[PDB]
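All remarks here apply to the structure that follows.
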Protein chains: 2
Amino acid sequence: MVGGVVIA
Amino acid sequence: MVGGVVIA
């Protein structure tokens with residue numbers, strides 16, 4: 001499981 | 001598993 005999250 | 005979170 002490979003997850004990526006950006007708040008910017 | 002591979003997890004990344006950015007708040008910037």
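Here, A, B, ... name the chains of the structure tokens in the order displayed, residue numbers run from 1 inside each chain, and ligands are numbered from 1 in the same displayed order.
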Please list as a compact mmCIF listing (two decimals) with N, CA and C atoms, in the first residue's frame every residue within 12 Å of residue A:3, counting only C-alpha atoms and excluding residues in the same chain fewer than 3 positions away.
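Result written to part.txt:
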# COMPACT_ATOMS: atom_id res chain seq x y z
N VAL A 6 -0.45 15.70 -0.03
CA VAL A 6 0.07 17.07 0.06
C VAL A 6 -0.99 18.15 0.32
N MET B 1 4.56 -1.30 2.75
CA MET B 1 3.83 0.02 2.79
C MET B 1 4.81 1.17 2.62
N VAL B 2 4.35 2.28 2.04
CA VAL B 2 5.20 3.45 1.82
C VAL B 2 4.35 4.74 1.99
N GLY B 3 4.57 5.47 3.07
CA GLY B 3 3.68 6.58 3.35
C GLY B 3 4.32 7.94 3.50
N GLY B 4 3.78 8.91 2.75
CA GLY B 4 4.22 10.30 2.79
C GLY B 4 3.16 11.37 2.90
N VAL B 5 3.31 12.22 3.91
CA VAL B 5 2.47 13.42 4.13
C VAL B 5 3.26 14.76 4.23
N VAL B 6 2.96 15.70 3.34
CA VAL B 6 3.46 17.08 3.52
C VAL B 6 2.39 18.15 3.87
